[PDB]
Amino acid sequence: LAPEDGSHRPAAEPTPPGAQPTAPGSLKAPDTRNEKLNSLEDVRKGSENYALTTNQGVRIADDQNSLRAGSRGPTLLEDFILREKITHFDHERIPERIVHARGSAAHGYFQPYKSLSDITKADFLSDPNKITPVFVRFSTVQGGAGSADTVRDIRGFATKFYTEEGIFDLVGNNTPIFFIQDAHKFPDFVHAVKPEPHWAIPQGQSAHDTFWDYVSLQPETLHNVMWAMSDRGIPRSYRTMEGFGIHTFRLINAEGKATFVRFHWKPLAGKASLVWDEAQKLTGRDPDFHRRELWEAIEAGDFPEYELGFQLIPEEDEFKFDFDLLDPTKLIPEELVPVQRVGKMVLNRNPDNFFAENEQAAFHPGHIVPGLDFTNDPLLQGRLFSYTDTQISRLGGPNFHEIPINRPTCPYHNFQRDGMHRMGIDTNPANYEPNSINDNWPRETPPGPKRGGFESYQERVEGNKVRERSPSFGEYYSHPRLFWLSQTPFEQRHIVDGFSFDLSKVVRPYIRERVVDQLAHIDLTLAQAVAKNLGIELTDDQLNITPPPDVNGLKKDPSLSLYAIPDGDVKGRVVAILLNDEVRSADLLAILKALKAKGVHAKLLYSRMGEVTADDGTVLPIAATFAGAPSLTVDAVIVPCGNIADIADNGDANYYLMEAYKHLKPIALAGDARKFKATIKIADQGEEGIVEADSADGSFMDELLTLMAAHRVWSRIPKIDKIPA
Amino acid sequence: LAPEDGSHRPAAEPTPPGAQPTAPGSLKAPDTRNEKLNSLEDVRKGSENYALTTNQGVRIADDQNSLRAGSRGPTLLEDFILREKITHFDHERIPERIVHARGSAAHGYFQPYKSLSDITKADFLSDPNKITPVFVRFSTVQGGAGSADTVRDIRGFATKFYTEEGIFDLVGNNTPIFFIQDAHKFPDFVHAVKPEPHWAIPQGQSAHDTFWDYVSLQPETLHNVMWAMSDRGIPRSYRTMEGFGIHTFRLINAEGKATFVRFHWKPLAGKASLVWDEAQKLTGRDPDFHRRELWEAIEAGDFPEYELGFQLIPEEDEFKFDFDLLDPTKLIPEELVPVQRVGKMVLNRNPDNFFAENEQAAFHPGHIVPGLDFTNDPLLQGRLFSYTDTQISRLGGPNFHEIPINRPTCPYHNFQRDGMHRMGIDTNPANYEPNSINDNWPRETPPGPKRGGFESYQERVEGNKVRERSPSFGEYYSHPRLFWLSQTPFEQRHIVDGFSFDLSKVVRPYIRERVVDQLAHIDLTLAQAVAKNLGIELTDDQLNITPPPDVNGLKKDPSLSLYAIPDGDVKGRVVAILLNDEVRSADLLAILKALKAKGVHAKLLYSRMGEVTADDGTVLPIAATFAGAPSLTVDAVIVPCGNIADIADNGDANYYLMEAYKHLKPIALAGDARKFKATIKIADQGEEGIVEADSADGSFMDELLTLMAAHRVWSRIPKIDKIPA
Amino acid sequence: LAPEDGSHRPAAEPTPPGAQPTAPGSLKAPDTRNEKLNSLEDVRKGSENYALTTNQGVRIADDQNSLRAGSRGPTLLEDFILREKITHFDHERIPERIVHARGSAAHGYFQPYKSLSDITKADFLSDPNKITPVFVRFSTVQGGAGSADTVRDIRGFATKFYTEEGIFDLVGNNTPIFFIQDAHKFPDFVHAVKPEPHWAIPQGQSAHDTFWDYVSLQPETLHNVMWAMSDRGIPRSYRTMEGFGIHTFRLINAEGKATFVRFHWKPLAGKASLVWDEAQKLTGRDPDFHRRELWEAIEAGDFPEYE
Amino acid sequence: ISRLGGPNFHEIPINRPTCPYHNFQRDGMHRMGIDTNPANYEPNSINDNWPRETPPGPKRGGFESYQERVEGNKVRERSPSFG
Ligand code: HDD
Ligand code: HDD
Ligand code: HDD
């Protein structure tokens with residue numbers, strides 16, 4: 001059924017977004033390999049040139065019809081071909097994850113910069129030339145597997161390391177703290193954020209009564225709520241967010257020394273988030289935006305890269321801060337404990353089948369390896385129970401490690417047997433130890449510097465059996481305040497806006513008031529600006545609440561801001577080029593040449609599909625229409641010259657610019673395209689953030705690419721209130 | 001931990017029963033191979049020289065202890081090694097089969113004698129050089145997976161053929177008919193025979209009210225009930241029973257011609273059954289006796305062999321018989337339609353792990369291949385729905401064909417995706433057809449002579465949509481009567497005893513009377529004989545019920561008897577040798593040499609464990625004692641000469657002989673061994689079936705092996721009441 | 001279909017073993033009540049005088065045939081009555097218990113002799129007039145749900161107390177100790193006594209290599225092994241064996257004082273076991289002998305009693 | 001059988017008939033109804049064959065399929081009239 005020209009089928013080379021249909025990773029990049037991807041070969045199933053069969057291997061002659069008694073007669077029970085096909089269909093679905101159901105994943109590899117054997121015996125960190133395959137799943141938290149990507153939410157960032165000494169799963173989030181202190185409260189918190197149980201509304205949103213009810217009653221939540229209400233809660237891409245393990249864990253070296261450690265991922269593409277209006281509209285225009293962007297970046301060669309980093313605290317410093325190291329609502333400011341760079345992780349191939357590899361993957365923070373260990377963090381402690389347990393229903397049984405994506409690439413042998421869907425056929429005469437009948441194989445292995453058995457660090461435990469929160473955990477305001485004061489003025493404004501927007505959707509007014517009261521214990525300016533938007537007036541008492549203390553003398557920590565310290569990297573970003581029916585090919589040449597030199601992609605847009613022909617006869621295929629791929633999905637907009645009259649009174653073309661303008665994106669206007677300055681009210685002598693010139697050229701591209709390096713035009717904020725867009 | 005002399009490890013070569021501990025098939029017989037066993041290699045897991053790990057590949061240091069706070073303190077929730085191991089244990093079991101839950105399985109291979117391409121295009125039957133791997137599971141029907149082997153029950157005989165054109169499952173039983181006509185009634189009959197629902201008694205027995213209630217009210221059951229009540233219901237081993245597909249199926253040749261077919265398996269070892277007292281006793285002494293016999297035969301190189309046979313009826317002969325070919329309560333007498341030999345099956349390797357290969361195996365009579373097709377048999381029709389449906393809970397979901405033992409060895413490719421425990425990772429860009437994006441692969445294949453798609457035979461259907469039994473099925477007594485008349489008089493007596501014992505356990509006297517009434521419609525002598533064991537007296541009306549008509553002129557068919565035509569073979573049978581402390585080592589040499597020569601095994605027994613020395617100094621190792629390994633488990637008993645004084649007086653030795661005598665087993669006595677005649681009341685002149693002489697040979701061993709070939713000494717029956725055992 | 005005389009139906013009065021067909025407890029003894037049995041009334045389904053229906057409440061006209069095109073024709077996919085009946089049958093079974101799969105259970109009640117409030121605040125022990133419904137399941141350990149009752153084995157004795165302040169399950173055995181010290185070894189011991197993995201033999205028996213391999217290498221097992229090898233391993237009936245919680249637990253009183261406790265059940269019918277040859281022969285003549293004995297004792301009014 | 005975990009999905013409260021339902025079906029995962037019927041099969045005499053089939057009738061009768069004539073060969077074939 002394919003067309004003549006082979007163009008049903010994508011080129012198996014890197015291609016920019018939109019240049020080719022997307023494809024399964026092994027067909028797209030068949031030369032991209034690693035030990036884990038190779039090991040999946042036993043279960044990869046091709047298709048070309050094969051006969052269509054039942055699952056039992058019987059060739060089907062007619063896959064268009066049920067078996068019936070006469071061609072208008074009833075379907076017959078003996079049609080086993082229909083019933084196998086429909087049975088398999090009828091049982092496709094499995095329970096989605098209780099939380100982080102929505103997520104997107106890829107393969108890649110990790111390697112350390114130098115050996116860490118002085119601080120850890122973990123084998124995967126032992127040698128700068130020893131590469132460890134990874135599989136990474138990014139996710140939201142609240143919504144179902146079919147909810148939208150660019151919600152306001154925390155994001156999950158889970159890395160499965162297939163090491164020589166075991167699977168290590170580093171199961172983190174994109175903020176450095178969690179909402180709650182003790183795992184016992186997790187069902188209460190998750191139920192409060194999830195859709196409400198009477199009507200199962202709202203999907204993918206904290207903006208509802210039950211969430212803000214819980215928050216207002218549990219001030220320990222305020223720190224992660226601050227991060228969620230900031231632009232952290234709406235990342236531009238999974239490539240442009242930070243990742244954190246949250247908990248303090250331990251590194252254990254060959255000599256037995258424990259060092260406390262917190263884990264960080266630093267996005268090498270820099271930190272970048274959307275703005276709210278854009279993020280919310282994008283949930284409607286492309287609810288798959290982050291899934292798509294990640295797949296397309298990998299297909300293009302813009303591999304997501306992250307630097308693993310460790311905050312390291314000696315054991316004797318456990319009590320030296322003014323917060324508890326074991327409290328997952330508290331961060332360790334980098335001004336106090338810097339992040340030591342550890343290694344680099346590159347994501348360089350997409351999966352073959354989303355369901356088989358992404359939906360069935362199982363990550364669990366208990367999956368550690370010798371050289372790592374846990375602490376008493378009471379959130380971390382209960383997570384260790386839940387991830388093994390939940391897999392029993394989600395993946396159908398205790399043999400979930402035999403599902404191909406989850407399998408260790410290193411040896412695994414033990415005495416466990418049976419369970420639903422058991423794949424492994426054990427030959428061992430023994431299924432117990434100690435045994436003589438197989439000479440006690442497989443055997444225990446004593447702990448040691450490498451290739452040793454797992455032994456827990458022998459932490460001293462002293463206390464009575466109590467259900468009690470540590471007094472050291474009972475402080476809730478000083479870290480929210482540190483985060484607040486570390487944000488730029490525009491970031492602070494967006495935080496105020498995020499709180500105001502969420503609370504406006506709370507139906508019960510006393511709940512809004514209680515949350516504003518909580519804000520008054522963090523920062524008066526923040527409390528008042530939220531109050532004003534809610535038509536609430538602070539009491540005298542509220543205006544007099546003493547600010548919480550600084551965090552160990554810190555008045556701000558700029559590492560907590562997305563933007564205070566520039567780190568922008570334009571490679572893999574995308575520009576909309578608004579075409580006309582007589583495009584000046586000299587502008588297009590200059591634009592594409594400069595974009596290509598910085599790995600910035602382009603999309604050619606028009607008022608219909610098909611082709612337009614430039615002034616020099618160059619035939620331009622049209623990627624999408626103005627309405628069909630809105631400015632939400634690109635980082636900047638260029639309008640080349642040519643026949644501007646063609647698009648000058650097109651409502652969609654004008655709206656495209658008004659939207660990109662509103663959302664603080666760089667805009668460049670060449671030649672007569674400068675006439676569009678009218679729709680967005682730019683001063684004749686110009687505006688910082690709008691690039692203009694008689695033609696698109698060297699200098700014009702430079703100015704545009706500098707603005708893109710800075711991500712958005714924050715100085716335009718005062719001007720966007722007036723535009724009706 | 002293994003002993004210094006290596007005596008823990010079974011010899012990896014053929015050894016007779018009891019010589020070596022039993023072992024997993026690929027460790028016992030590593031040189032045995034077939035295409036299926038080869039393709040299972042990728043999931044087989046070893047053990048020697050490997051480290052003990054978690055399922056995530058983490059080496060375990062201490063597999064003897066939980067992690068606790070202090071060595072007498074509480075267990076910690078962070079012990080992930082304990083929770084993984086306990087979790088897998090906690091979820092070991094899967095539902096058992098609804099029916100046939102009790103069964104034993106082995107690998108083997110099939111080969112046809114000649115090409116049958118003139119009558120079928122089935123590829124596995126197309127070439128005398130085409131060898132087809134098989135996996136065969138034999139079973140009882142009623143009991144659980146943990147019930148006894150030698151119960152009275154029908155047996156299952158299910159063969160999975162891994163053909164080049166698909167899995168073909170031949171899912172049969174050891175009797176040629178079933179209890180019921182229409183699949184709709186299956187839950188009724190099976191509930192009736194199964195343990196009663198209030199108290200869940202009895203296990204593995206039809207001897208209870210509800211079974212006989214149903215039978216008494218559903219005369220269509222009486223034919224298979226006659227089989228079950230005969231010695232057919234207590235086979236000596238799975239090697240010495242017949243198998244039958246029961247239903248009429250079709251062979252379809254390359255030209256499109258349909259031929260009606262009924263399937264047969266002929267045991268090359270001959271047909272042989274236990275007697276009731278033996279079979280019931282063995283359920284107590286060795287409830288695994290048939291599973292053990294199958295395993296040990298294969299370990300010895302005594303492979304079970306069966307001949308596939310076909311009864312073939314041309315389409316135009318569909319109505320040529322007194323009974324409906326579609327009626328699964330009717331058999332086709334071999335005297336009207338002979339069985340044509342088709343091929344040989346040899347079962348030559350045990351599995352490696354019972355649960356993974358046997359318990360998870362899924363057979364379904366709907367799994368046919370091009371060259372075979374169904375008919376409208378209304379029991380068969382219903383089955384085609386059930387065996388697909390049941391696997392969704394039993395085996396966890398729609399991907400049960402990916403469980404290794406179930407996998408085809410030929411190619412399988414299609415558009416089905418997902419489902420719980422999905423192993424195959426599909427790389428096809430398309431998961432639908434028709435598609436252009438993968439040029440419509442995998443593709444449909446037209447039907448053809450070889451390697452073609454499945455098309456159903458275009459049988460003509462005409463009639464209204466009815467829930468109605470065909471009147472042609474409404475005859476219940478002629479087949480039961482043919483079966484009865486074809487039995488020898490000792491077989492007839494055993495049938496009488498079978499009904500008599502079962503009905504004796506029915507509490508409600510009226511159910512017994514109604515079953516006696518049904519018997520009077522079959523045969524008066526059989527009815528009177530059961531009535532008299534039950535203290536029931538036939539009425540005048542019952543005494544005058546006209547017998548049912550013969551079956552197409554036949555008043556008997558000897559192929560229906562176990563024994564009427566000698567087919568007895570001795571290879572793989574076992575003789576008890578009752579030792580004394582001074583054995584005539586010349587007797588032993590001749591005995592074992594004649595036994596060896598015929599492939600008969602020997603088991604040396606004495607009054608205690610350890611050893612004895614013969615007349616010439618030879619050390620005789622003792623396998624077990626008289627009391628420890630009773631006669632129940634052997635086929636004959638030899639008592640050699642020597643110091644008979646040593647055990648003439650022994651209660652165990654005497655009992656051994658009285659049990660063996662009561663169970664109709666051949667006995668041979670040499671020299672003073674003839675003293676034993678007293679215990680079993682033999683007269684001096686000798687008795688047919690008791691072998692005697694001065695020395696244990698000349699023709700003392702030809703005589704005894706001749707008795708063994710005839711299986712049991714039927715003539716002894718009139719004398720066994722006299723002996724209290 | 002019932003006989004004219006009515007002899008199909010067992011009398012709703014206590015009768016000795018074998019005098020009447022056995023029957024569902026609420027039809028055999030409809031006036032034996034306790035609070036639990038009363039609370040199950042919402043889910044008990046009768047049958048007499050009701051029409052045969054699908055599970056969706058649709059009356060069935062012909063429960064003897066599938067729907068087919070002609071009376072000798074193929075079965076039609078549209079027969080929802082057949083498919084529902086066969087679907088339910090096809091999915092009847094659930095996984096059996098990993099251990100103690102073979103067991104027999106009965107309803108009853110517990111009452112204390114005196115208030116134990118000086119040593120425990122447990123509400124079901126606070127007053128001798130406090131009656132606590134129980135459900136008790138007795139079991140073997142090794143064999144499947146289909147295995148024989150009078151095997152040599154440890155027996156389970158599990159009591160569910162439906163108290164006014166929560167379910168208390170007292171999950172014990174018939175000997176006062178267990179085979180092993182630390183729960184991490186439970187899968188090793190259980191795998192060793194269970195049928196061996198290659199061939200799944202032997203059912204309901206410790207008499208095999210792997211069991212004795214483990215015992216010989218783990219001397220902590222020897223105490224319970226001694227009990228299993230004694231006639232304790234072959235009880236005459238569940239009414240004539242002891243029960244034990246094995247572990248030391250704590251009682252906590254209202255003042256917060258903790259007392260260590262080990263739990264016992266003393267059979268008021270006394271202790272009695274079979275002898276080996278009799279037990280082993282019974283596994284063949286009546287593999288349901290203890291299940292039968294329990295059910296029939298209760299039917300006769302010979303109620304199992306334990307202190 | 002997968003989505004709602006077994007063949008007793010009709011006992012999940014929202015799914016329950018409000019009219020009588022009785023039959024010989026037993027067990028299954030999540031089984032809520034405790035059947036007191038001495039019989040779990042029909043035909044039976046031990047419960048006088050209850051619950052009983054009901055002939056079709058103008059009201060409260062058993063289900064019987066309309067006796068449509070069926071005539072043709074067993075075919076996997078789209079009707080030309082659908083083309
Ligand atoms: C005690 C319960 C509990 C608590 C306190 C947490 N979680 Fe969790 N989390 C789960 C119980 C859980 C889970 C129910 O077990 C999930 C869902 C299904 C699954 O496979 O794991 C899960 C999934 C889940 C995933 C998705 C992994 C994937 O992509 O499959 C991430 C990234 C996180 N969690 C991260 C966190 C972080 C950073 C936490 C706080 C610091 C946290 N979880 C607290
Ligand atoms: C409509 C239901 C139905 C009917 C009428 C039959 N069966 Fe069946 N049979 C099943 C429904 C079933 C089942 C529920 O589908 C089983 C149990 C679980 C499984 O895997 O299949 C099964 C198991 C089963 C097994 C065990 C296969 C194995 O070893 O795993 C054999 C040998 C048979 N059957 C043979 C027969 C024969 C010879 C029948 C009469 C011709 C028959 N069955 C009628
Ligand atoms: C950590 C594993 C483990 C350990 C050390 C034990 N058991 Fe257990 N036991 C189980 C894991 C288990 C189980 C897997 O959880 C079962 C099987 C299915 C179930 O519902 O509970 C069980 C069932 C079970 C039953 C059957 C309950 C019933 O009738 O349904 C009894 C009577 C016991 N056990 C008694 C004991 C005693 C007295 C023990 C030692 C003092 C013991 N168990 C140790």
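Atoms within a ligand are numbered from 1 in the order they appear, just like the ligands themselves. Atom set for the values below is all heavy atoms of this structure, side chains included, hydrogens, waters and symmetry mates excluded. Residue numbering restarts at 1 for every chain, and letters A, B, ... go by the order of the sequence lines.
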### ligand 2-proximal atoms of B/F157, by part, heavy-atom distance under 4.0 Å
backbone
### Task
Please work out which of the three classes, parallel, tilted or perpendicular, describes the rings of B/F249 and B/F374, given edges at 30° and 60°.
tilted
### Task
Determine the interplanar angle of the A/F363 and A/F135 rings, folded into 0 to 90°, and report it as parallel if under 30°, tilted if 30 to 60°, perpendicular if over 60°.
parallel
### Message
Tell me the closest heavy-atom pair linking A/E359 and A/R394, and the distance in Å.
### Response
O-NH1, 2.9 Å
Among all protein heavy atoms, pick out the one at the shortest distance from [atom]; state its residue, atom name and that distance to 0.1 Å.
atom	value
atom 19 (C) of ligand 2	B/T390 CG2, 3.5 Å
atom 22 (C) of ligand 1	A/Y387 CE2, 3.3 Å
atom 12 (C) of ligand 3	C/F186 CE2, 3.4 Å
atom 30 (O) of ligand 1	A/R97 NE, 2.9 Å
atom 40 (C) of ligand 1	A/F178 CG, 3.6 Å
atom 20 (O) of ligand 2	B/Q391 NE2, 3.3 Å
atom 15 (O) of ligand 3	B/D90 OD1, 4.7 Å
atom 27 (C) of ligand 3	C/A158 CB, 4.0 Å
atom 32 (C) of ligand 3	C/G172 O, 3.2 Å
atom 5 (C) of ligand 2	B/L379 CD1, 3.3 Å

### Shortest reach to atom 25 (C) of ligand 3 by a heavy atom, considering only C/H100, C/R155, B/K85
C/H100
### Summary
To atom 39 (C) of ligand 2, the nearest of B/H184, C/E92, B/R383 on a heavy-atom basis is B/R383
### Summary
ligand 2 atoms nearer than 4.0 angstrom to some heavy atom of B/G156 are 32 (C)
### Message
If you measure every N or O of A/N173 against every N or O of ligand 1, does any of those distances drop under 3.5 Å?
### Response
no
### Query
Does A/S386 reach ligand 1 with a nitrogen or oxygen that is under 3.5 Å from one of the ligand's nitrogen or oxygen atoms?
yes
Among side-chain atoms of [X] and [Y], is any donor-acceptor pair under 3.5 angstrom?
X	Y	answer
B/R232	B/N174	no
B/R383	B/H247	yes
B/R262	B/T248	yes
B/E84	A/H367	no

### Which of the ligand 3 atoms, numbered from 1, are nearer than 4.0 Å to a heavy atom of C/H247
41 (C)
### Close-contact set for ligand 3 against C/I246 heavy atoms, below 4.0 Å
38 (C), 41 (C)
### Task
Give the atoms of ligand 1, by number and element, whose distance to some non-hydrogen atom of A/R394 is under 4.0 Å.
20 (O)
### Summary
ligand 1 to A/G382, heavy atom cutoff 4.0 Å, flagged ligand atoms 1 (C)
### Task
Compute the minimum heavy-atom distance from A/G103 to ligand 1 and say whether it is under 4.0 Å.
no
Main-chain N/O of [Y] paired to [X] side chain as donor or acceptor, under 3.5 Å:
X	Y	result
B/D153	B/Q142	yes
A/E96	A/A101	no
A/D418	B/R93	no

### Query
Is atom 8 (Fe) of ligand 3 in close reach of the protein, with a heavy atom under 4.0 Å away?
no
#### Entry: Check: C/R137 N/O within less than 3.5 Å of ligand 3 N/O
yes
### Task
Give yes if a backbone or side-chain nitrogen or oxygen of B/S139 is under 3.5 Å from a nitrogen or oxygen of ligand 2, and no if not.
no
### A/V171 contact mode with ligand 1 (heavy-atom cut-off under 4.0 Å)
both
### Summary
Going by the 4.0 angstrom heavy-atom rule, the piece of C/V99 near ligand 3 is both
### Task
For ligand 3, indicate whether the residue C/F244 contacts it via side chain, backbone, both or neither (heavy-atom separation under 4.0 Å).
neither
